[PDB]
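One chain is shown next in structure tokens, namely the form deposited without this ligand.
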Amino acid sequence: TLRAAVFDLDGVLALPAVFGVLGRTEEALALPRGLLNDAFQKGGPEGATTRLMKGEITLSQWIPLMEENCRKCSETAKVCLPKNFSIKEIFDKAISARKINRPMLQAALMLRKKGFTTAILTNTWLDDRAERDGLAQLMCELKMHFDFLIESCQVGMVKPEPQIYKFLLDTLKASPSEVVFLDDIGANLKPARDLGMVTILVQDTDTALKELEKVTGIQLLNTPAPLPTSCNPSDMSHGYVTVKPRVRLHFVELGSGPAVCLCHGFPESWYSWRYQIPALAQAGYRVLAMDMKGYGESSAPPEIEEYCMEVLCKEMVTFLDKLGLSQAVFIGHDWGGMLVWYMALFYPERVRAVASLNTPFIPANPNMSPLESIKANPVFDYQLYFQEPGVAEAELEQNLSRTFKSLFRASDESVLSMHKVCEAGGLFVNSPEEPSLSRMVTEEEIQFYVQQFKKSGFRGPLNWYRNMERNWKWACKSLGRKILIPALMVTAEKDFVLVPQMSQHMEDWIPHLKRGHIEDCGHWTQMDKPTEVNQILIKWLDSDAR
């Protein structure tokens, strides 16, 4: 029966509520109880506050009107307001104090995931104060999680007037009995109740969630910890930069602050960062999540040498030049990880800080051909399989779904040993035609990769492995250097190819290296353990790159 859920902002999705600051200020300053609330509410439907909430005036215009109300209320109550008493001050403080009430948001999200239409209906104001950016941030963060946001000041109507509830119903395209509405102000619930909406009076959050859960029949309290926000591709800003005549690079871009360029591994996509992109933007960064050369909407030229580390890095520099970015933080995974260590070594002036997931920095061995070095570790045998042009392409392109479904698996699910792949004759020779779906991914997410890979297939991707000799000679030039910019290495316990021990000597080349470590994490770090990756990146960004 219930199809829709409506939440107020103050006192419901965000806490502490501003009205609360009226109460507290009175208490703190020993003013007559309720004096501030009388001033706030003076003139009722035609007083300053209603005009504010309806959009007739802006917040900065209302401030001196509330001031005047406070004077008149205090003269009528035969008291004086203290020296320094400041309405602007009180509200600046109150509005920055108010934070997202996380469990209410997570309930709204769960309800939306089970197919509810969700909305925020709020009495609010046009905010033109010097510090308005703080509220603009909160509203952005909240509203992306909901179907609709209805603000009194944008629509010219306020709770409890009946017309806003009619406007609500019409926006929802639902009848009143299909709607639950939560509010901390009982007067605001009444007209919803009159129409036959389920209403919940929100005092403490848990009891409201308990009622919300009873009435919807959905579990909202004590639920497992949810994944971070992911990205819908068609909701993103897509950027494109031509770095030379045949080569354009595509990226997705979210947030403001220091530029952070995310570089995925093989055979992946910008979308492999879907769980980090909103979190890093939310934490105060400008994220640029690349399709690396060879992939997705980036160009994919056929020639092997187009994909050696030197050419790749030079193009990433050009990509910064054309965007007008003197630096970025570079964060890489797998092949992207190797590339970011090379950026740090050859273009430290362009790199604000460098981090890798899984991929250690290993210096070239000038006394050993890289082919031999690769042949020395049985777990890299899949890289020899990748050498011969055409062979891996045919296997990987033959059935894309099966390809991504076989590759993208958590450590407790794996179907492919990386073991004696040449000898066996292929990566999939002993995996099913139709693999089961990993817990890490949905069917929809697999089909995003399949559709990406239909544009250019695996030639350009595989070519990143086909420049061992060329990369080795370029790397040998850097053998006297050290990496002395801020650097983070993140090892994954159960990546059985890029094993955490393989990073064990990095402090010789990177003496101030920082570390994080993720337990029970396979090769596909960002989607295996997105919460833990997010926390380790944001903590290191805030301390080292900011």
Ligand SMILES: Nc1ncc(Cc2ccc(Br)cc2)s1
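We call the rigid core the largest set of C-alpha positions that still match within 1.5 Å between the two forms. Residue indices: 1-based, along the sequence shown.
S.K.: Line up the rigid core: which moves more in 9 other deposited structures of this protein, 407 to 415 or 344 to 352, by C-alpha RMS?
M.R.: Relative to the shown form, the greater RMS C-alpha distance in 9 other deposited structures of this protein belongs to 407 to 415.
S.K.: Tell me which stretch, 387 to 395 or 77 to 85, has the higher mean Cα B-factor listed in the entry.
M.R.: The entry gives the higher C-alpha B-factor average to 77 to 85.
S.K.: Out of 481 to 489 and 41 to 49, which stretch has the higher average CA B-factor listed in the record?
M.R.: Comparing 481 to 489 with 41 to 49, the higher mean C-alpha B-factor belongs to 41 to 49.
S.K.: Highest Cα B-factor in the PDB entry belongs to which of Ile536, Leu22, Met527, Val12?
M.R.: Highest C-alpha B-factor among the listed residues goes to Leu22.
S.K.: Looking at the C-alpha B-factor values in the deposited entry, which of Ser401, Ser152, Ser96, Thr205 comes out highest?
M.R.: That would be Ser96.
S.K.: Check where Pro32 lands among this chain's C-alpha B-factors and tell me if it's the lowest, middle or highest third.
M.R.: Tercile = highest for this residue's CA B-factor.
S.K.: Test of reading the entry: by CA B factor among the chain's modelled residues, which third contains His505?
M.R.: As the PDB entry reports it, the C-alpha B-factor of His505 lands in the highest third of its chain.
S.K.: Just say lowest, middle or highest third for the CA B-factor of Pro432 relative to the other modelled residues in its chain.
M.R.: Tercile = middle for this residue's CA B-factor.
S.K.: Which third, lowest, middle or highest, does the CA B-factor of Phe146 fall in along this chain?
M.R.: For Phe146, the deposited C-alpha B-factor lands in the middle third.
S.K.: Within this chain's modelled residues, let me know which third the CA B factor of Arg102 belongs to: lowest, middle or highest.
M.R.: As the PDB entry reports it, the C-alpha B-factor of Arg102 lands in the middle third of its chain.
The next section is about a form of this same protein that is not shown, the form solved in complex with this ligand.
S.K.: Look at the stretches 297 to 305, 260 to 268, 319 to 327, 136 to 144 and give the one with heavy atoms within 4.5 Å of this ligand in the deposited complex.
M.R.: That would be 260 to 268.
S.K.: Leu427, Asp495 and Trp524: each with a heavy atom within 4.5 Å of this ligand in the deposited complex?
M.R.: Verified in the deposited complex; spot residues all in contact, yes.
S.K.: Out of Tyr347, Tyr382, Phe85, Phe167, which one falls within 4.5 Å of this ligand in the deposited complex, going by heavy atoms?
M.R.: Exactly one residue meets the criterion: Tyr382.
S.K.: Pick from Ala355, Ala107, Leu396, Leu182: which has a non-hydrogen atom within 4.5 Å of this ligand in the deposited complex?
M.R.: Filtering the options by heavy-atom distance leaves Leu396.
S.K.: Can you tell me if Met418 lies within 4.5 angstroms of this ligand in the deposited complex, counting non-hydrogen atoms only?
M.R.: It does: once this ligand is placed as it appears in the deposited complex, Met418 has a heavy atom within 4.5 Å of it.
S.K.: Verify the contact flag for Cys73: yes if a non-hydrogen atom of it lies within 4.5 Å of a non-hydrogen atom of this ligand in the deposited complex, no if not.
M.R.: Contact with this ligand, no.
S.K.: In the deposited complex, does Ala208 have a heavy atom within 4.5 Å of this ligand?
M.R.: Flag for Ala208 set to no.
S.K.: Using 4.5 Å between non-hydrogen atoms, is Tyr449 touching this ligand in the deposited complex?
M.R.: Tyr449: no contact with this ligand in the deposited complex.
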